[PDB]
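The residues making up each chain are set out below.
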Amino acid sequence: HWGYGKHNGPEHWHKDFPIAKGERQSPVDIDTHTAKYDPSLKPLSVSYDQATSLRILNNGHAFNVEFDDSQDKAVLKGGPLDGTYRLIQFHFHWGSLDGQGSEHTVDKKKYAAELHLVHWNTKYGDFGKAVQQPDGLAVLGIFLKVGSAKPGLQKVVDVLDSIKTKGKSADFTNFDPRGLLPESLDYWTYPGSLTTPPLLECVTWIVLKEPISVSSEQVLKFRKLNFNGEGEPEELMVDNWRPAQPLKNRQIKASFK
Ligand SMILES: [Zn+2]
């Protein structure tokens, strides 16, 4: 029964998921004055040309756009990574107000939202095995600010009415996730965790420096989603973000000067 409310939000999660207090929890604040350039970090390779989106699902905490991950169709490689990571889904975290919503922060700045493109290491054969490994997942995180619309997000926005409530899904084929990327692939990277229960410490985080812009109308449509099921009391799906966690014995590395 975890969520983002007063009685079941992030400060409670540790009672069912004690790793919430672990050594490699996410998100974190990215201090741009202490992250160090690592000249040996390689450019990211984002290979999404053969991506096959399948479906969009409201899971009660966010919505996931799911992909066919049974072949190497949409993969992330390079950067800090060894091997090949397949895209399984993307989802977002967002706020009730434009001044909050991101999970990672940059010099304590919160963005309006944050996109997570979740990929699993093919050496582990399936997602469920990958999450049990320290190098199982690679998550590409992208900040959203409110400004101009993002044309490549509109197809997502327009389906949200069909998945208003928890457990609803809709067909969602032929969506191109390249339309969600900023111009630059400069990034920060560190080892961390899933940001929702089970909070497993299986993620190489790759957080892009450049945000994307979305319009006020686009974010407003995210805020009409519901945490609840159909025929349950309406609770708007907003503020579905975990705050920054202690960095502990980790270093954040930058791909750029
Ligand atoms: Zn996420």
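Residues numbered from 1 in each chain as written, not as in the entry; some residues may be left out. Heavy atoms only, no water.

- In terms of determination method and resolution, the entry is listed under X-ray crystallography at 1.20 Å.

1. Structural notes on the coordination of the zinc ion
Here is step 1 of the chain: Around the zinc ion, the protein contributes the donor atoms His-91 (NE2), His-93 (NE2) and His-116 (ND1), which lie 2.0 Å from the metal centre.
Here is step 2 of the chain: Here the donor residues of the zinc ion share one chain and are spaced in sequence as H-x1-H-x22-H. Note that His-93 is positioned in strand β7 (residues 85-94) and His-116 in strand β9 (residues 113-121), a separation of 23 residues in sequence.
Here is step 3 of the chain: Given a relative accessible area of 2%, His-93 falls into the buried group. (Donors = N, O, S within 2.8 Å, 3.2 Å for Na, K, Ca; no water. Helix = DSSP H or I, 4+ residues; strand = E, 2+ residues; numbered from the N terminus. Buried < 20%, exposed > 50% of the residue type's maximum accessible area, 1.4 Å probe, protein only.)

2. Considerations on the nonpolar core
Here is step 1 of the chain: Judged by nonpolar contacts, the single largest core of 48 residues is most densely connected at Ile-56, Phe-63, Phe-90, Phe-92, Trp-94, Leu-140 and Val-156.
Here is step 2 of the chain: The greatest single-element share of this core, amounting to 5 residues, is contributed by β7.
Here is step 3 of the chain: Core analysis: the second largest hydrophobic core is formed by 23 residues, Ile-30, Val-106, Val-118 and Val-139 among them. (Core = buried A, V, L, I, M, F, W, Y, C linked by side-chain atoms within 4.5 Å.)

3. Re the UniProt feature "binding site: substrate" in the protein
Here is step 1 of the chain: Per the UniProt record, the feature "binding site: substrate" sits at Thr-195 and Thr-196.
Here is step 2 of the chain: Structurally, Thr-195 can be placed in the loop between β12 (187-192) and β13 (203-208).
Here is step 3 of the chain: Other than its neighbours up to four places away in sequence, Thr-195 contacts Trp-13, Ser-26, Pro-27, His-93, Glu-103, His-116, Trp-205 and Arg-242.
Here is step 4 of the chain: Within the structure, the side chain of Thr-195 is placed 2.6 Å from the side chain of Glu-103, a separation counted as a polar contact.
Here is step 5 of the chain: If you trace the backbone, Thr-196 turns up in the loop between β12 and β13.
Here is step 6 of the chain: Using a relative accessible area of 17% as the deciding quantity, one classes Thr-196 as buried.
Here is step 7 of the chain: Aside from chain neighbours lying at most four places away, what touches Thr-196 is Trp-2, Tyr-4, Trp-13, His-61 and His-93. (UniProt positions renumbered as here; feature names shortened; annotations may be inferred. Contact = heavy atoms within 4.5 Å. Polar contact = N/O pair within 3.5 Å; in protein donor to acceptor, adjacent residues only side chain to side chain.)

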